[PDB]
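What follows is a single chain, given as structure tokens, in the form deposited in one PDB entry.
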């Protein structure tokens, strides 16, 4: 394991193809902090091919970092190395791993997370129906790609989708993602989680489909909190008895059918991401 408890240097293996030299990065304004790191805007030279600086997001350790946070940030970086380029994913761009603090460079999304983006645009240019379907389609396309790369996200939610300046949706926060014992799937927020993840301690692409269903509900409620009024301690009992969230007012019947299919108890009866892309493509085309 890499450890902060060294008196020489960093103990991270070199990976030249991802390394960016430090003079080619200028750190800028803070964007915020998460569980195991902070994010700052930066400009990076020659990492997307002309010496023009590109704005990126830099994830780094917090001032109150732990040794585990180092391990976690390295693991996140290593997962992202394994995920190829896709327009609807936040991709790794580079890293500064030698000769200084650990910096993980990822694509920048100027409008922040989808959940806050939606909530900020609640009626009281509005978000239209077409905008909502477009958001859902783009996330589905991202997830279809992830699944094809044999990657389970495990933490899909509106909070973990970012929005670019040009309103492109990019799936983010790969800290829990796995390349496909008793506490397996214990770090997954239960309101977004397929029941089988906890009851059977398995996780497949079809489990991610359940989460996508919850995300769809979040989109059409403009960032509503799932299962409002129901405590996490009561949730699985209600779900086992067949309760499902009600149709959002912004959702049409056809979209609500898609959403409810994603919450089939039986994973194999949920649609695949390839099927969801097809379904949402159809909706998006008719609405234009």
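We call the rigid core whatever largest set of C-alpha positions still superposes within 1.5 Å between the two forms. Numbering follows the first chain given and starts at 1.
Asks: Mean CA B-factor: is it higher for 100-108 or for 210-218?
Replies: So the stretch with the higher mean C-alpha B-factor is 100-108.
Asks: Taking the recorded C-alpha temperature factors, which stretch has the higher mean, 186-194 or 114-122?
Replies: Per the PDB entry, the higher value belongs to 114-122.
Asks: Maximum C-alpha temperature factor per the entry, among 253, 244, 68, 237, belongs to which one?
Replies: Highest C-alpha B-factor among the listed options: 237.
Asks: With respect to the C-alpha temperature factors reported in the PDB entry, which of 135, 127, 176, 79 ranks highest?
Replies: Answer, based on the entry's C-alpha B-factors: 127.
Asks: What third of the chain, by the recorded C-alpha B-factor, contains residue 276?
Replies: Lowest third, going by the recorded CA B-factors of the chain.
Asks: Per the entry's values, where does residue 257 land by CA temperature factor relative to the rest of its chain, in the lowest, middle or highest third?
Replies: Ranked within chain, residue 257 CA B lands in the middle tercile.
Asks: When the deposited Cα B-factors of this chain's modelled residues are ordered and cut into thirds, is residue 144 in the lowest, the middle or the highest one?
Replies: As the PDB entry reports it, the C-alpha B-factor of residue 144 lands in the middle third of its chain.
Asks: Report the third (lowest, middle or highest) to which the CA temperature factor of residue 22 belongs, ranking only the modelled residues of the same chain.
Replies: Within its chain, residue 22 is a middle-third residue by C-alpha B-factor, going by the deposited values.
Asks: Sorting the chain's CA B-factors, does residue 83 end up in the lowest, middle or highest third?
Replies: Highest third of the chain for residue 83's C-alpha B-factor.
One more form of this protein, deposited in another entry, exists but is not displayed; see below.
Asks: Fit the core first: which of 263, 36, 227, 256 then shifts its CA by 2 Å or more between the shown form and the other one?
Replies: Of all the options, the C-alpha that shifts by at least 2 Å belongs to 36.
Asks: Has the Cα of residue 278 moved 2 Å or more between the shown form and the other one, judged after a core fit?
Replies: The answer is no; the displacement is under 2 Å.
Asks: Comparing between the shown form and the other one on the rigid core: C-alpha of residue 239 shifted by 2 Å or more?
Replies: No, the C-alpha position differs by under 2 Å between the shown form and the other one.
Asks: So, superposing on the core, is the move of residue 72 at the CA at least 2 angstroms between the shown form and the other one?
Replies: Shift at residue 72: 2 Å or more after core fit.
Asks: Quick one: with a 3 Å or larger change, is the residue 10 to residue 107 CA distance smaller or larger in the other form? Answer closer or farther.
Replies: Here the pair is closer than in the other form; there, farther apart.
Asks: What happens to the Cα distance from residue 194 to residue 35 in the other form: does it get closer or farther than here, with a change of 3 angstroms or more?
Replies: It is closer: in the other form, the C-alpha atoms of residue 194 and residue 35 lie at least 3 Å nearer than they do here.
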